[PDB]
Visitor: 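One structure follows; several queries about it will come next.
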There are 2 protein chains.
Amino acid sequence: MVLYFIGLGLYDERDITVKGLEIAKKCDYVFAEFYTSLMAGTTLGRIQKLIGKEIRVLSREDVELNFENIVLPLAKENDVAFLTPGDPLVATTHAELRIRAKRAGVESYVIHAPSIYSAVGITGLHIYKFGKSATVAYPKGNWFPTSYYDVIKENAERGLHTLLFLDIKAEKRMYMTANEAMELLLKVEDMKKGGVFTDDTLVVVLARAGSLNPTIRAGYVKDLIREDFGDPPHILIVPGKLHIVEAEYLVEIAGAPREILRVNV
Amino acid sequence: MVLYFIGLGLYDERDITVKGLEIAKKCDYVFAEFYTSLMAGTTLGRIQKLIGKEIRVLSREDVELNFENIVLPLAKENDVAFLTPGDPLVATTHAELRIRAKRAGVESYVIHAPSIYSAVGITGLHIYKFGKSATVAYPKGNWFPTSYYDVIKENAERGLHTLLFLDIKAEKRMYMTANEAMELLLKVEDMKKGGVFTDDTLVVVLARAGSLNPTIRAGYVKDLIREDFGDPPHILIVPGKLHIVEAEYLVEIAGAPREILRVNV
Ligand SMILES: Nc1ncnc2c1ncn2[C@@H]1O[C@H](CSCC[C@H](N)C(=O)O)[C@@H](O)[C@H]1O
C-alpha cells in the first residue's frame, strides 16, 4: 500500500529509468498526467506497452483538485504509481502532493528521471553557471506577464545563464516555440528598455532534448528569431558572460557565429 | 563510427535509463569514468552484470589527456559507449569531449539520466529558485578555498537557494559529509564575518538521492551539525527565503521545525 511518483523522462518511453520501469511493472494501478510537459517522441500506447499496464490519464483539475479522491484511496490498499513527463518534482507543483499522501496515511516514494533542467548541459554551457530560472507565459486578455524579463536581467548582471521554460497548454495542444518566446521578450524590452534582450543578444535554443538528434542552436536574436527549430517542446536560454570553452562548444556543436569565440573578459 | 555518452544516474545500477541500457548493451566497447562522481549504491561488477559487457574504467588523466587515444580510435570503426555517473555533460569538462569526437570524425550522441542538479526537487524547494551552484572543497596545506561562501551570499541576498556539491576523493572513495561541510562553512564565516552561515542558518541535507530511502532533513545548523544523515553521498543546500509551500514540505516531509514557518518565510 504505497504511492510512487515516477518520472518518464525527456522525450520517449525509454527515458524512464530501469528502476522506474521495474517498479511500475509491479504496481496494481498506474495513473499519469501529461500536461506539465510534452514528450514528443512517444505515445500513451507505447508507454502502456512498455509498462504492461493500463494507464489512467488525469487532467490538471483531476490532480490539483482531486488527487486525494482519485489516486490516494487506492494507494491505501494497493501499490500505485503516478507517472509524469521528465522528473516528477521539477518545475511542477507535484511536491505538495506528497503532503496530501502523508495526511491520507499513504507512504510515497520518488523515482527520478532525466529532466530538462539538467539536460541543458548538452548546450555546452556550464550547469553551475545557471542562475534563477523562469517561465515565459502566454499573455492573456489585458494581462502581459513580464517577470521572466527581470530574472534574465538579474542573472546576466551576475554573469549567470538563464534557463527559460516555455509555456504549454496541453488541452489546447499549444506549445510555445523559442521563436514566440523571443518575440515576447523583444516586446518587454521595448517596454522596460533595460537593454536586457535585443536583436544583438546571444541566445541558445534546445529543442526536443532527450531525442538522439535534438536541435541545439546558438546565435543572435535577429538571426534566430525566424529560424525553424523543429517540433516542440523548446527551451530558450539567455547565456551570461561565456567561458572560452563554452563559446567553443556553441561554435563547434551549436553552429554559433565564430565571432563569439572572442570573449570580452 | 559512433560514440554514446550515457548517464548512469544517481545511486545504483538501475538509475540508468532504459534507453541508455539498451544502447550500452549493443555497443562493441564500453568505457566509464568514476572521477567526476561515484555510484555509491552499486559496484562496477553490478553495473557490468546489468549491461552484460566488460567495462574499462578511465582515470581523469585518461580522459582529459588521452580521450582521443583511448576512446575515439575504437569509436571510428565500432559503436562505443562512455558511461558517466549522473547526467552526461553536467560535469563541466565533459562537453568539450564532444568537440574532440567531432575533430576525429566521430559522431556522438547523448543519452541523459537523472542528475543531482534536478533531483534536489525532492527537497520540496522550487527548482526555479536555485541560483548559482558551488562545490565545497576540502582545504589543503596553506590553501583555504572559500568561493562557495560567496556564492551562498549572492544567492541568498536575492532570495535564491544554493546547491552545494560536497568534495569527494573518487579514488579513495571518501565522501565529504554534510556535517563536515557545515563545520567548514562556520569556519569560513568566522573568517569573513559576512553573517552568511551561522548556527541559526536553515539548511537542507539530501543524502543518497536516487535511493528509495534517501535522507531528507531540514533544520538549523546548531541542531543538524552533529546529526547522522546516513551513508554517502551527501548534498548540502542553503535555501533563501521560503515560499510557504516550500516550508510546509520541509516540515511535513523533511522533519523541519515548525519555527521555519515563521522565521524563514
Ligand atoms: N525534451 C525537452 N526539450 C526541450 N524543452 C523541454 C523538454 N522537456 C521539457 N521542456 C521544457 O520545459 C517545459 C515543461 S516544465 C516541466 C519539466 C519537467 N518536470 C522536467 O523535468 O523536464 C516545456 O514547456 C519546455 O519548455
Side-chain angles (χ1 to χ4, degrees), chain A residues 6-25 39 41-42 46-47 50-51 85-87 111-122 208-214, chain B residues 2-34 36-39 41-58 71 75 78-91 94-95 97-98 101 107-119 209-210:
Chain A
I6 308 172
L8 294 182
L10 307 160
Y11 186 70
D12 57 63
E13 76 289 337
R14 293 199 303 169
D15 290 322
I16 184 177
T17 60
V18 170
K19 176 173 293 166
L21 178 61
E22 294 309 302
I23 291 176
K25 283 182 172 182
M39 294 189 79
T42 188
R46 292 179 172 183
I47 295 175
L50 180 68
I51 290 179
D87 180 292
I111 311 303
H112 302 282
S115 174
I116 188 64
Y117 185 63
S118 64
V120 291
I122 196 175
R208 305 177 305 292
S211 64
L212 280 290
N213 290 290
Chain B
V2 177
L3 170 59
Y4 292 102
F5 290 79
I6 308 176
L8 292 178
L10 301 162
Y11 190 65
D12 55 61
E13 76 291 330
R14 292 168 70 210
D15 291 334
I16 184 177
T17 64
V18 170
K19 179 180 291 172
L21 174 58
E22 304 199 319
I23 291 177
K25 287 183 178 179
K26 293 297 169 290
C27 286
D28 307 300
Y29 291 99
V30 182
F31 291 86
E33 65 84 2
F34 294 108
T36 64
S37 177
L38 299 177
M39 296 298 289
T42 193
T43 68
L44 178 63
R46 290 181 178 177
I47 293 173
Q48 281 192 173
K49 214 291 189 297
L50 175 70
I51 295 182
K53 286 289 188 307
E54 173 178 289
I55 297 173
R56 176 178 172 177
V57 181
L58 305 179
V71 180
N78 308 285
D79 278 334
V80 181
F82 180 50
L83 312 173
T84 68
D87 193 14
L89 277 67
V90 160
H94 288 357
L97 298 179
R98 295 197 75 197
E107 298 168 51
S108 79
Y109 301 84
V110 182
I111 298 75
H112 298 279
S115 168
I116 187 62
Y117 186 65
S118 56

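Residue numbers start from 1 in every chain, and the chains themselves are labelled A, B, ... in the order their sequence lines are given, proteins ahead of strands.
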Visitor: Donor-acceptor pair, B:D12 side chain versus B:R14 backbone, under 3.5 Å?
Guide: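 Yes.
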Visitor: Could you tell me the separation between the CD1 atom of A:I16 and the CD atom of A:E22, rounded to the nearest 0.5 Å?
Guide: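 It comes to 9.5 Å.
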Visitor: State, to 0.1 Å, how close A:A119 and A:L10 come at their nearest heavy-atom pair, and which atoms those are.
Guide: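 The answer is CB-CD1, 3.9 Å.
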Visitor: Just by modelled atom types, is the B:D79 backbone N or O under 3.5 Å from a matching donor or acceptor in the B:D28 side chain?
Guide: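 Yes.
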Visitor: Roughly how far, to the nearest 0.5 Å, is CZ of B:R98 from CZ of B:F5?
Guide: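 Separation between the atoms: 7.0 Å.
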Visitor: For A:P214 and A:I122, which heavy atoms make the closest approach, and how far apart are they?
Guide: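 Looks like CG-CD1, 4.2 Å.
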Visitor: Between the side chains of A:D87 and B:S118, does any donor sit under 3.5 Å from an acceptor?
Guide: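 Judged by distance alone, the side chains do not pair up.
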Visitor: Do A:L212 and B:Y4 come within less than 4.5 Å of each other through their side chains, counting heavy atoms only?
Guide: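 In short, these two side chains touch, coming nearer than 4.5 Å.
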Visitor: Is any side-chain heavy atom of B:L97 less than 4.5 Å from a side-chain heavy atom of B:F82?
Guide: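 Yes, close enough: below the 4.5 Å cut-off.
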Visitor: From B:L21 CG over to B:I111 CD1, what is the distance, rounded to the nearest 0.5 angstrom?
Guide: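 That separation rounds to 12.0 Å.
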Visitor: Looking only at heavy atoms, what is the nearest atom pair of A:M39 and A:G9, with distance?
Guide: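 That closest heavy-atom pairing would be CE-O, 3.5 Å.
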Visitor: Return the minimal non-hydrogen interatomic distance between A:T42 and A:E13, and the atom names on each side.
Guide: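 Looking at all heavy atoms of both residues, the closest pair is OG1-OE1, 2.6 Å.
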Visitor: May I ask you to test the B:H112-A:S115 pair for a side-chain heavy-atom distance under 4.5 Å?
Guide: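 When only atoms from C-beta onward are counted, A:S115 and B:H112 do not touch, as no gap falls below 4.5 Å.
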Visitor: Could you tell me the separation between the SG atom of B:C27 and the CG atom of B:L3, rounded to the nearest 0.5 Å?
Guide: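 It is 8.5 Å, given to the nearest 0.5 Å.
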Visitor: Ignoring hydrogens, what is the shortest heavy-atom contact between B:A91 and B:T36? Give both atom names and the distance.
Guide: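 Nearest heavy atoms, B:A91 then B:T36: CB-CG2, 4.0 Å.
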Visitor: At what distance, to the nearest 0.5 angstrom, does OG of A:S211 lie from CG of A:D15?
Guide: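 So the OG of A:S211 and the CG of A:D15 are separated by 9.0 Å.
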Visitor: Is a side-chain N or O of B:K19 found less than 3.5 angstrom from the main chain of A:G210, in a donor-acceptor match?
Guide: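 Present.
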Visitor: Could you check B:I23 against B:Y109 for side-chain contact (heavy atoms from CB on, under 4.5 Å), going step by step and ending with a plain yes or no?
Guide: CA-CA 11 Å; B:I23 291 177; B:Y109 301 84; over 6 Å; no
Visitor: Nearest 0.5 Å, what's the OG1-CD1 distance between A:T17 and A:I6?
Guide: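 These two atoms lie 8.0 Å from each other.
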